[PDB]
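Working notes, beginning with the structure itself.
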Amino acid sequence: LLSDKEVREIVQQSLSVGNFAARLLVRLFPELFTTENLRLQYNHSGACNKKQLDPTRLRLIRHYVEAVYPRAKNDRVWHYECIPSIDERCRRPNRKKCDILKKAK
DNA sequence: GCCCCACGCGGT
DNA sequence: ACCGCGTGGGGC
């Protein structure tokens, strides 16, 4: 639960509605985005042998998304732009692979 | 370096 | 067909 001021401040910095959902994810799930990087054990559905993000916080994220971006009320926009960005955010690595290969030399 | 997003691909 | 992962081109 976060203020209207803070939601609009998040909208200011997000690039697309997918990134709005990703940012609301990071802000609402600060436990997973410490240097512990627990995010790498989670996704939005509980698929691919991974733990499932808090369904109710995810619902709140969708609430804010469909609120700011009304077009998000279609499941075909949430399921196709936000939850892919949410899962990518939870899973994306610290160091890129090719960057790790490049720092070898 | 951080961060975003498109995208081939393999399991379902 | 669909769905999520690993991955890298690339803007900042």
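When we count neighbours, we look across all protein chains shown, and the Cβ atoms used for this are built from the backbone with ideal geometry, even at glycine. Here, each number is a calculation from the coordinates, and none is a lab measurement.
Sorting A:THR35, A:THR56 from the fewest to the most surrounding beta carbons within 10 angstrom yields A:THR35, A:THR56.
Multiplying the residue separation of A:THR56 and A:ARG92 by 0.36 nm and subtracting their alpha-carbon distance yields 10.7 nm. Would you kindly state the longest site-free stretch of chain A, with sites defined as GluC sites (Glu not before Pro) in a DSSP loop (not H, G, I, E, B) surrounded by at most 14 other Cβ atoms within 10 Å? With GluC sites (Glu not before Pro) excluded where exposed in loops, chain A gives A:37-105 as its longest stretch. For chain A, the longest principal axis of the alpha carbon atoms and the long axis of helix A:17-28 meet at an angle near 80°.
In this structure, A:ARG27 and A:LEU101 have a Cβ-Cβ separation that, at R0 = 25 Å, corresponds to a calculated FRET efficiency of about 0.15.
Result for chain A in a Gaussian network model with C-alpha springs under 10 Å: among A:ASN37, A:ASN19, A:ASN94, the largest mean-square fluctuation is at A:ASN94.
Cβ crowding within 10 Å ranks A:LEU24, A:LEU58, A:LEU38, A:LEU101 as A:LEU101, A:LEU38, A:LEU58, A:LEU24, fewest other Cβ atoms first. To the nearest ten degrees, helix A:4-13 and the longest principal axis of the Cα atoms of chain A are 50 degrees apart.
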